[PDB]
């Protein structure tokens, strides 16, 4: 006579959802096979005085129900004052922590803050190495990204980026082009520790929200050095190994790095109307530069298809599209050539922004979140990744963030997050015919989510190759 919600869960598989809660100050794991929250953690319990739990990624576990490990970072300072919420906190913590947490089959356990171990605090995207032997974090206030060792939480390499605008004026600093410096960032304290915890290193006093390139150009973003900003977001991994790619929002480029040899090798040019690449220029053993005549649009970077045949960058605002490179040549990223642009008549405005993504296992389809300011419904675009065309767009609700996929490729699991003060939820869409199956409650402001991987292969469609 009645509908049992267990019928719904039974179809989804034995998969563990995990998501951080931004202004909620919490992180939680959900058993998609029963509807239960498996465990949750509230960072205030651990003396965190600004627990804006931002991005996260989970290491593969042979059985997530028995144990898994993940990394979740935080933001602080003036980031608390940027959303609809009329916060009253007199001395907010500086954030930039990088928490290591273990789910032990019962509870979450805080292991340590890797930003205390390493000395390097970073507050934007978190990713796992395809070898699951490490992770990487980027930050758009300090414009630094690094890869860390999983066992020691020490930095393997760190890169710092800087902008030298042709026109020394915030309105023109990126439109009229400039030179970005890529610099090896080396520790300064005993035990090879950085002195870059919390706010140390910040060029701007908060992260740029969606459309923040207008904000920083309009002088609406305070900081000691906003003319030097490039707004690094992420370091994502070629699933085939060897390379990692850092995105830079304001100059509208990506930098391909040799992981092991600790050098940049190529610069991918984001906007439609640019060549495939810009010329990388070595200045000395630790310093490279790239000249960018004009920045046509800011962008956000997407990441690799699961076979590493394709690499994708989102242009944002001035252009809204998905730029696509042929990355088939694993030997030499300087040969990576533009092969498609995903466009739509619906993307001609300032919004929606092409935001985050997840590929199906076979690389044939992508699911892409489409972001708008309140009150326009955000939703998901379904992309044919063979022909590079939009197949379908579905309206869902306010403030769409990230997507993950069950590893059998059957269901996409997305986060809607209420701009931190209104409706939020988990959405589940089936990928066979692309229908929205409905929503689950989620009293959190997630800017991330993962399903815990089992294998290194699973990581190819997790928080490793894409954000």
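If you superpose the two forms and keep the largest set of C-alpha atoms that fall within 1.5 Å, you have the rigid core. Numbering follows the first chain given and starts at 1.
Trainee: Comparing against the shown form in 5 other deposited structures of this protein, which stretch has the larger RMS C-alpha deviation after a rigid core superposition, 339-347 or 126-134?
Mentor: Result of the core-fitted comparison in 5 other deposited structures of this protein: 339-347 deviates more.
Trainee: Rigid core superposition, C-alpha RMS per stretch in 5 other deposited structures of this protein: which comes out larger, 266-274 or 208-216?
Mentor: Looking at 208-216 and 266-274 in 5 other deposited structures of this protein, the bigger mover is 208-216.
Trainee: State which stretch shows the higher mean Cα B factor in the entry: 60-68 or 38-46.
Mentor: For C-alpha atoms only, the mean B-factor is higher in 60-68.
Trainee: Out of 399-407 and 51-59, which one has CA B-factors that are higher on average in the deposited record?
Mentor: Comparing 399-407 with 51-59, the higher mean C-alpha B-factor belongs to 399-407.
Trainee: Out of 361, 130, 138, 76, whose C-alpha atom has the biggest B factor in the entry?
Mentor: Largest recorded C-alpha B-factor: 361.
Trainee: Could you say which of 145, 209, 231, 120 has its CA atom at the highest B factor, as listed in the PDB entry?
Mentor: Of the candidates given, the C-alpha B-factor peaks at 209.
Trainee: Relative to the other modelled residues in the chain, which third contains the C-alpha temperature factor of residue 151: lowest, middle or highest?
Mentor: Middle third, going by the recorded CA B-factors of the chain.
Trainee: Please say which third, lowest, middle or highest, residue 1 falls into when its CA temperature factor is compared across its chain.
Mentor: According to the entry, residue 1 has a C-alpha B-factor in the chain's highest third.
Trainee: State the tercile, meaning the lowest, middle or highest third, of residue 448 with respect to the CA B-factors recorded for its chain.
Mentor: Lowest third.
Trainee: Grab the CA temperature factor for residue 95 from the record and place it in the lowest, middle or highest third of its chain.
Mentor: Residue 95: CA B-factor falls in the lowest third of its chain.
Trainee: Sort the modelled residues of this chain by their C-alpha B factor and say whether residue 339 lands in the lowest, middle or highest third.
Mentor: According to the entry, residue 339 has a C-alpha B-factor in the chain's highest third.
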